[PDB]
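What follows is a single structure, written as structure tokens, with notes after it.
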Amino acid sequence: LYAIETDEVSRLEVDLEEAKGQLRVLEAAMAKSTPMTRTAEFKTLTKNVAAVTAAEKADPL
Amino acid sequence: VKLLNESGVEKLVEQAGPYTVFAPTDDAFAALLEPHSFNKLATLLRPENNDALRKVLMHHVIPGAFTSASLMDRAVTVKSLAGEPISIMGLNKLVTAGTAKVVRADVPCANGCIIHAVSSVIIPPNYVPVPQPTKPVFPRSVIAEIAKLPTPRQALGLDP
Amino acid sequence: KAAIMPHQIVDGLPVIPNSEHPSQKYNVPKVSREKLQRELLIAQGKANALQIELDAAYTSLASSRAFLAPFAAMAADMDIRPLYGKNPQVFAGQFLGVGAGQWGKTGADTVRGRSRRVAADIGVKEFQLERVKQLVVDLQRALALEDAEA
Amino acid sequence: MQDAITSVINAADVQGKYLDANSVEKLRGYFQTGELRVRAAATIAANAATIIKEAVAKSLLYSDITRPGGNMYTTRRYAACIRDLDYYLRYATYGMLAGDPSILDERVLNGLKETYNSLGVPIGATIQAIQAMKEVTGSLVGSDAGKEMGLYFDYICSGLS
Amino acid sequence: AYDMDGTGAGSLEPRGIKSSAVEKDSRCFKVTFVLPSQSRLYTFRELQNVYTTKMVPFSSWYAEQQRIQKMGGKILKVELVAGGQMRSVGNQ
Amino acid sequence: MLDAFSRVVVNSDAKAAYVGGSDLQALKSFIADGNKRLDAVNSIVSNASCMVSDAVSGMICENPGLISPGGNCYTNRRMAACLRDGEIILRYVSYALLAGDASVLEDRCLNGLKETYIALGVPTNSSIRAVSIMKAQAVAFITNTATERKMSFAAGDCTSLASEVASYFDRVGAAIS
Amino acid sequence: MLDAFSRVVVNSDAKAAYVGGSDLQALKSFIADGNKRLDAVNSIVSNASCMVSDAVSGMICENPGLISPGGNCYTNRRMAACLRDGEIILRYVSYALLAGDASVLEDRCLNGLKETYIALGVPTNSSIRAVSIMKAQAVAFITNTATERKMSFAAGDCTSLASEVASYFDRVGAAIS
Amino acid sequence: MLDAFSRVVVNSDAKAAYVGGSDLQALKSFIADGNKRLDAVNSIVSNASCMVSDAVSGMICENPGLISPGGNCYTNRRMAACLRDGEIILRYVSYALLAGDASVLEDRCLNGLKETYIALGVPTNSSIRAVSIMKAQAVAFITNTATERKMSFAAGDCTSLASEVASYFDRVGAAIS
Amino acid sequence: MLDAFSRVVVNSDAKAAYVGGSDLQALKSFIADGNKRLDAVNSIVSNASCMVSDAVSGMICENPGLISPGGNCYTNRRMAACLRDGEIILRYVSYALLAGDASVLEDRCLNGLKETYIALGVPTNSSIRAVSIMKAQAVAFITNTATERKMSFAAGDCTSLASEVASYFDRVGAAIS
Amino acid sequence: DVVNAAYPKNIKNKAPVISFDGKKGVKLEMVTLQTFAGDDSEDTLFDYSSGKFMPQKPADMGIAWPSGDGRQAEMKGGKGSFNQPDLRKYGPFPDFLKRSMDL
Ligand SMILES: C=CC1=C(C)[C@@H](Cc2[nH]c(/C=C3N=C(/C=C4/NC(=O)[C@H](C)[C@H]4CC)C(C)=C/3CCC(=O)O)c(CCC(=O)O)c2C)NC1=O
Ligand SMILES: C=CC1=C(C)[C@@H](Cc2[nH]c(/C=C3N=C(/C=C4\NC(=O)[C@H](C)[C@H]4CC)C(C)=C\3CCC(=O)O)c(CCC(=O)O)c2C)NC1=O
Ligand SMILES: C=CC1=C(C)[C@@H](Cc2[nH]c(/C=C3N=C(/C=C4\NC(=O)[C@H](C)[C@H]4CC)C(C)=C\3CCC(=O)O)c(CCC(=O)O)c2C)NC1=O
Ligand SMILES: C=CC1=C(C)[C@@H](Cc2[nH]c(/C=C3N=C(/C=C4\NC(=O)[C@H](C)[C@H]4CC)C(C)=C\3CCC(=O)O)c(CCC(=O)O)c2C)NC1=O
Ligand SMILES: C=CC1=C(C)[C@@H](Cc2[nH]c(/C=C3N=C(/C=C4\NC(=O)[C@H](C)[C@H]4CC)C(C)=C\3CCC(=O)O)c(CCC(=O)O)c2C)NC1=O
Ligand SMILES: C=CC1=C(C)[C@@H](Cc2[nH]c(/C=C3N=C(/C=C4\NC(=O)[C@H](C)[C@H]4CC)C(C)=C\3CCC(=O)O)c(CCC(=O)O)c2C)NC1=O
Ligand SMILES: C=CC1=C(C)[C@@H](Cc2[nH]c(/C=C3N=C(/C=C4\NC(=O)[C@H](C)[C@H]4CC)C(C)=C\3CCC(=O)O)c(CCC(=O)O)c2C)NC1=O
Ligand SMILES: C=CC1=C(C)[C@@H](Cc2[nH]c(/C=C3N=C(/C=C4\NC(=O)[C@H](C)[C@H]4CC)C(C)=C\3CCC(=O)O)c(CCC(=O)O)c2C)NC1=O
Ligand SMILES: C=CC1=C(C)[C@@H](Cc2[nH]c(/C=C3N=C(/C=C4\NC(=O)[C@H](C)[C@H]4CC)C(C)=C\3CCC(=O)O)c(CCC(=O)O)c2C)NC1=O
Ligand SMILES: C=CC1=C(C)[C@@H](Cc2[nH]c(/C=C3N=C(/C=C4\NC(=O)[C@H](C)[C@H]4CC)C(C)=C\3CCC(=O)O)c(CCC(=O)O)c2C)NC1=O
Ligand SMILES: C=CC1=C(C)[C@@H](Cc2[nH]c(/C=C3N=C(/C=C4\NC(=O)[C@H](C)[C@H]4CC)C(C)=C\3CCC(=O)O)c(CCC(=O)O)c2C)NC1=O
Ligand SMILES: C=CC1=C(C)[C@@H](Cc2[nH]c(/C=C3N=C(/C=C4\NC(=O)[C@H](C)[C@H]4CC)C(C)=C\3CCC(=O)O)c(CCC(=O)O)c2C)NC1=O
Ligand SMILES: CCC1=C(C)/C(=C/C2=NC(=C\c3[nH]c(/C=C4\NC(=O)[C@H](C)[C@H]4CC)c(C)c3CCC(=O)O)/C(CCC(=O)O)=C2C)NC1=O
Ligand SMILES: CCC1=C(C)/C(=C/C2=NC(=C\c3[nH]c(/C=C4\NC(=O)[C@H](C)[C@H]4CC)c(C)c3CCC(=O)O)/C(CCC(=O)O)=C2C)NC1=O
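Protein chains in written order, with the UniProt record's numbering: chain R, 369 to 429; chain Y, 86 to 245; chain U, 250 to 399; chain V, 1 to 161; chain A, 41 to 132; chain P, 1 to 177; chain B, 1 to 177; chain H, 1 to 177; chain D, 1 to 177; chain F, 36 to 138.
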């Protein structure tokens, strides 16, 4: 009965379905583009940036 | 944040206690032009009625850190720092705070506090709107009021 | 029908040397009619917000007296006899009266207490309201001459 | 932690140049007021307890922060105030002698407004206490010395705001 | 007991850090700061990290915060993680 | 000016009606309680010098800025013209208590009083908490509950005269607000 | 809505009654006509549930191709969104009438609105008709010259408040043209 | 649907535990106040027909654009449907106060009601008013402080049941917002 | 009797001129087609606020860059000053229509205006665009060929006065060019 | 600039307001008819501040502290004689972060 917190593969597949369930409500809300105002809500830093990713890349114009 | 700074409530939510703020986006404040809600809230626009403004803003602060994940099909109430109970209501991933209908899930803050974006402004339950400023009226005569009081001989039915 | 504006009474009164707030009748700059209307409505708005924090000071004075009124009347029928100061047969030293500069600028500033301390808050808050209520008078009065000569 | 002489030497040193006429011009201006600052710091040391007793009784003695529920109710909380107001009157004395407010933000201002918000200390009543404390300090040291000591009080009030 | 017995100026124990902490206080901060030593170049001791973030109690935050600036430290952030605010009884 | 009986005539003149029989039932109970009204204005006029000195010097206890330099009760010409004005207000309140109707207070005293006090530089907020000390003094003298002076009356109940003179005193503070 | 004036704070522990350093001078001076302004916003938002249904159906009966199949208001998702955009515009006009400046109108409502409607295929020449009905509707309420609804007010004048709110409605209509 | 018993079942099913002695005290106290809850529903059902006419007409006298032509309370079918959904909402709240859990309120009453009121073109701002007038009546009937009908109840307290039905009407008003 | 109009005009201060019965028929005999001409200026000034709020807004409806940040019908004091200037030219046309000459319109209202609008940075092509709208309205109101309104007049022809009001509006645009 | 002497102090007086009040005379008035005004300027003619004032805080000098190291934000006074320039640059810094020249 406790094998949904203690298992090593039910822990992935539960957290896959909640993260896909959070993705499906976020992808549908990103079908609304032009007069939508922007709030930088400052999401967290649980996963660090693996790439360098400088803000100025080049002149691609 | 501007209403907090003017009203002096912002000192209260400066504190380190674990709070769960239900700060409404200004579209919620822009949505205060209901024909209905403008009755009970327009009177606060007057500059002397800061008194109720603290009591209406302090209903949005909840002692404790209630994240939306902590509201998995759970209905728990609590009173604000205003002093009156509010029912937080998370079912079908639709977390409610009175008449909130929360927009953004949570924002992690400094002292383990949480910030949820709501769609409207929660008015406290037993909040009566302040009346508009009126005219102190005085009775013009005194004989229209002695004639307005029933005599003892009237109360016993001795007279009409 | 028409109330007399308070700047038209100031023109009738003879001039005193000392005001609390001396007038800027001659010290208003020659600006246009539209900048006089903006500077009047700003000074009327600052006087409205200064009124409703002076009223919050009066409710704090009324709350400070109710805080101490069970003890203010409970010490009113005690026998409080001092050691000196009343009859001249006892050595009182500096408290024959008060000694050497310690009477103060007013006399009420040497009295301690919760209701005397919120009262000094009232007198500094009513000074700022009366200063800006006399500033809307000569802003209005120039308005009379902005229009009367117009 | 720099005085007027330390700040003058730093700016003249940070460009690698000697003390020219402009750098010594301010230094002479500081030495002229050297006699005023010591006597100002003299009387403030004498009437330290009297000044703080005058400020709290004139600003926040009887307000409802003093009553129950207010921010200053319990005796530990009241005693923390006069301990707390002592630093403002003391560190302002240091700025008045050093002629430079660098010591204030170095040792007072940093983490101060962020600390009062943690404790829930009312910044509004705090500044008015310092303003009232600035008002009595101009009584003792005189006008211009009060202008000097007063110049660092509102520096605390500005940053603490 | 607590640090406010009556000690002030002119008292037998030396004039020192006086904290407004109650009997056995249970409030503690979460502070963050850098504190360069400014003494290693004539002592030549080993080096230790100066950027620390730790929980200091309310009983001794003021002494620590008063000392962190003594040696030129800068306090980046402090919070009251454990304890209440405006709480008359219960800080014990 | 009007009194209590001229007030009921100008209501009856508005409909061109005679003062009949049903509205004489209330006028006969006004004159039946007319001896309590004369017994009430006698408890104000007898105490009237100490009423405006308990009030003006109690206004100073809540505002030390009046007796600071530049203040409104500062110099001797200015304290004398405030002790003058405090007993003019007590004079016209006792006229309307005697006349039964507040018409002599509203046009001979309270009309134009606010913008009079702007022009001289009088603080109108200090006048409101000065005439509210006299309001509490008068209702202690009507109902014989002052602590330092008791007067000798017959037995009964004068609470309706207490809240009629209380309404003449918050009619003053509505005019200088 | 509650940013559109200035409250004053009087209690302690506020850090705006003492250290705040400013009364809002441009917003203390807007309660100087503020009883006239609050009645004017009360005329609109007590009729805004009738104003948006009259204006949207005004352009349907003046242009019947919008409820044609293939028209932009045929489906029930589109008919609900056209009623929602009229109310949201009418609220932000009622912000700018209340606040006295059109900064809040051109920031939240009008910024990026012409680029929205030509991306969605919304006809702009018919949409300005629906705003200009509400321009003609709102001046009838504020001057109280509406036909089938009058409202009780205090006696006076309300021109240059109907003329102020006519200056916001074309400002909407030129930003979307 | 669920109730106050089966809410702590499916909460104890999530932890895969038995309903032990630490959770029966949430239920044995609920049944010990079972007579108070049945006396609390009976204040609502006995005034259920006059509360809905009290509340929909109070929506009309605050928002008079609903009875104007082009509104949403205009015709007799539209008025009787607005008297229907005032009491259909009141039917499910009185189930949800009786059951002790808001599952019946969030699966039958609120089962896409926001999607209905958009697609019907019902103004959602006025239906927040019509729900919340019934909230302000139900906390006056349960606490027996209605101003014009007192029911005879045994003395005690109902601040818990008044605050429970105030959280069911806000949960309706949160979801149709 | 025409001097008593101009004595109110040229006296460099404020006045009025109430015209009575026996003075009226001397004016109607003096003014040629006076019963048409007194209907001609009545068809303008009874629709004065409707004609301004088209003509200021129709300038913005064709030139939308004026209410852009940086335009001149931004910053609401400037937007209200354009509407007062549009109201002044509409009035001073109608006095020239009443008096039958463009002389009083030229010296009081129109001389020095070309130097005024280039001293304030007023875009002078849009002011000709604004008065061409008011030129288009006043020929329609006089001829009773207005669109949403029609006026109840005595029947006849007023094309000669409609050409006469065409000759006043272009003199404005010939001056501010 | 006030070039408006051509528009004198009888400026916006608005003579042609005409009210017929029936079939009778035209009743021409002289009403000025002001706008929805507001006259927007900053720094008006008086103070309008009665106490409650300590708002002033110095500018942020980056990560050092405010107003501490302004030795890079100064004019200059001296330079010296035997100073000789540098080869690498490593261009100019935010004030050598926290310690001053008198550390
Ligand atoms: C049976 C014969 C007979 C007449 C000839 C008239 C004579 C007459 N006409 C008018 C009606 C009038 N209406 C006008 C108006 C006019 N507008 C214009 O553009 C034209 C120039 C002019 C028409 C010629 C004039 C000038 C008079 C005459 C002056 C007058 O008495 O008012 C009036 C005034 C009362 C009224 O309006 O009826 C009288 C007594 N009446 C009669 O009963
Ligand atoms: C809390 C909400 C709130 C409101 C709704 C208003 C309500 C309101 N309006 C006015 C008072 C007034 N209101 C109006 C407005 C109007 N009169 C008309 O004939 C026009 C049609 C209409 C403008 C659209 C006028 C002209 C006055 C008189 C005072 C004045 O002109 O400043 C007053 C003062 C009453 C008095 O002292 O006489 C109040 C309380 N104020 C508030 O605080
Ligand atoms: C030192 C500071 C100082 C004060 C704070 C006041 C004290 C004071 N006294 C009264 C109140 C009063 N003052 C009087 C006056 C008198 N009593 C008598 O018996 C005499 C005949 C007469 C003086 C000649 C009376 C009758 C009351 C009413 C209280 C009572 O005794 O019942 C009030 C009114 C309360 C209110 O605001 O509503 C106040 C504030 N006076 C001061 O001096
Ligand atoms: C020339 C001056 C002059 C006066 C001063 C009064 C004097 C006066 N007072 C009362 C008589 C009275 N006075 C009062 C009044 C009061 N009693 C109280 O307990 C209250 C403290 C106070 C209310 C104000 C009462 C209750 C009576 C007796 C009942 C009554 O007369 O109606 C009476 C008796 C009338 C009667 O009994 O028929 C008289 C003559 N009349 C005058 O002609
Ligand atoms: C804060 C300001 C603010 C606004 C002004 C509106 C603006 C706006 N309208 C629409 C979206 C829309 N707006 C309309 C409205 C209309 N089309 C017409 O033909 C009529 C002329 C007009 C009604 C009067 C329609 C029909 C859609 C839906 C378009 C579609 O889905 O095809 C959208 C896209 C997202 C949505 O579906 O809502 C936005 C952002 N929303 C806002 O948040
Ligand atoms: C062919 C279809 C058609 C319609 C649906 C209506 C809709 C409609 N009404 C008005 C015009 C108006 N509409 C209103 C609105 C209202 N009046 C009230 O009493 C209510 C409170 C509220 C409607 C619920 C007002 C006040 C006016 C101004 C004219 C008037 O006073 O009636 C206009 C603008 C007309 C103009 O500006 O000249 C339109 C298109 N008219 C039509 O021609
Ligand atoms: C499951 C729960 C449940 C409800 C809550 C109700 C609510 C409800 N009302 C209507 C239908 C309606 N509902 C309203 C109601 C209102 N319009 C207003 O202006 C007011 C704000 C509000 C009344 C208070 C009106 C006016 C209609 C008529 C629409 C029509 O006839 O097409 C409909 C569509 C039904 C139909 O027309 O076929 C529904 C589902 N019925 C339910 O089964
Ligand atoms: C302008 C129009 C208008 C109305 C029609 C009434 C309607 C109305 N009544 C109440 C408030 C209430 N309404 C009722 C309803 C009723 N009383 C009963 O005993 C019956 C069951 C039922 C009438 C048949 C009750 C019980 C209260 C609580 C207070 C009380 O009456 O004791 C409220 C909520 C409080 C408020 O916002 O005012 C409203 C809007 N009020 C208005 O402002
Ligand atoms: C079949 C239908 C049915 C009912 C209608 C109720 C009837 C009911 N109510 C109560 C009993 C009660 N009801 C209340 C409730 C209240 N009292 C107040 O003063 C408040 C206004 C109100 C709160 C909502 C209280 C306080 C008691 C007594 C204490 C208790 O039972 O817990 C009791 C127990 C005491 C008794 O025997 O009367 C019963 C049977 N039960 C039922 O089975
Ligand atoms: C009796 C005769 C009479 C007139 C003819 C007008 C002429 C006039 N216009 C303005 C003043 C103005 N006039 C305009 C007008 C416009 N700018 C535009 O973009 C539009 C094209 C146009 C309106 C449709 C503006 C915007 C100002 C104000 C300039 C400013 O404040 O920046 C001023 C004030 C100048 C000053 O104070 O120095 C005057 C006298 N007024 C009069 O009293
Ligand atoms: C007081 C009531 C009243 C009105 C509302 C107007 C209505 C009106 N507008 C115009 C005529 C016009 N009206 C406008 C105004 C506008 N057009 C637009 O593009 C926008 C929709 C709107 C600005 C918001 C314009 C631009 C013209 C045409 C002017 C021209 O010829 O260029 C005409 C002239 C037609 C004719 O004479 O036959 C009339 C009667 N007139 C009145 O007497
Ligand atoms: C007291 C103030 C006063 C006025 C407001 C006017 C109004 C007016 N005009 C005419 C009479 C008239 N009015 C007009 C005018 C017009 N007819 C049209 O077809 C055009 C649309 C419109 C031109 C704008 C004409 C053509 C006549 C008839 C000829 C004339 O009398 O001049 C009449 C007489 C009608 C009758 O005999 O019953 C009156 C009262 N005259 C006044 O004395
Ligand atoms: C709950 C614990 C607690 C205490 C004890 C407390 C005391 C306290 N005593 C005060 C004043 C005062 N206290 C006294 C007391 C005395 N005078 C004497 O002669 C006696 C020896 C003694 C009383 C028995 C006096 C005279 C003042 C006013 C001093 C002044 O006005 O300067 C004040 C300032 C005014 C006020 O806000 O009340 C406080 C806060 N606060 C607290 O929270
Ligand atoms: C040298 C620079 C410096 C300052 C300024 C400083 C302040 C400081 N003030 C404190 C508390 C406090 N400060 C106050 C002060 C006040 N209450 C009021 O109402 C007034 C507005 C105000 C007096 C002016 C109170 C009441 C506490 C106790 C708070 C508590 O027990 O929760 C504390 C908590 C620990 C302690 O006091 O022992 C610190 C560290 N520390 C420093 O290093």
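For each residue, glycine too, the CB sits at the ideal point set by N, CA and C.
{"query": "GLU148(B) by DSSP, collapsed to three states: which one?", "result": "coil"}
{"query": "Work out the CA separation of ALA129(V) and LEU109(V) for me, nearest whole Å.", "result": "16 Å"}
{"query": "Roughly how many angstroms separate the alpha carbons of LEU394(R) and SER63(V), rounded to a whole number?", "result": "52 Å"}
{"query": "Using CA atoms only, rank isn't needed, just tell me which of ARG282(U), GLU269(U), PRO271(U) is closest to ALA393(U).", "result": "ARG282(U)"}
{"query": "Measure the Cβ-Cβ separation of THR72(A) and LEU116(A) and say whether it is below 8 Å.", "result": "yes"}
{"query": "Return helix, strand or coil for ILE89(B), following the three-state DSSP convention.", "result": "helix"}
{"query": "The alpha helix (DSSP H) with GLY159(V) in it runs from where to where?", "result": "143-160"}
{"query": "Listed in chain order, which residues of the region 81-108 of chain F have Cβ atoms closer than 9 Å to some Cβ of chain V?", "result": "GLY86, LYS87, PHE88, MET89, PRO90, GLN91, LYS92, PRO93, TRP100, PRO101, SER102, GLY103, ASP104, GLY105, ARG106, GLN107, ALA108"}
{"query": "In chain order, what residues of the same chain lie with their CB nearer than 6 Å to the CB of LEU138(Y), ignoring the 5 residues before and after it?", "result": "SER92, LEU129"}
{"query": "Can you tell me whether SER22(B) is helix, strand or coil according to DSSP?", "result": "coil"}
{"query": "Run the CB neighbour count on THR147(H), radius 10 Å, all protein chains shown included, and call it buried at 16 or more, exposed below.", "result": "exposed"}
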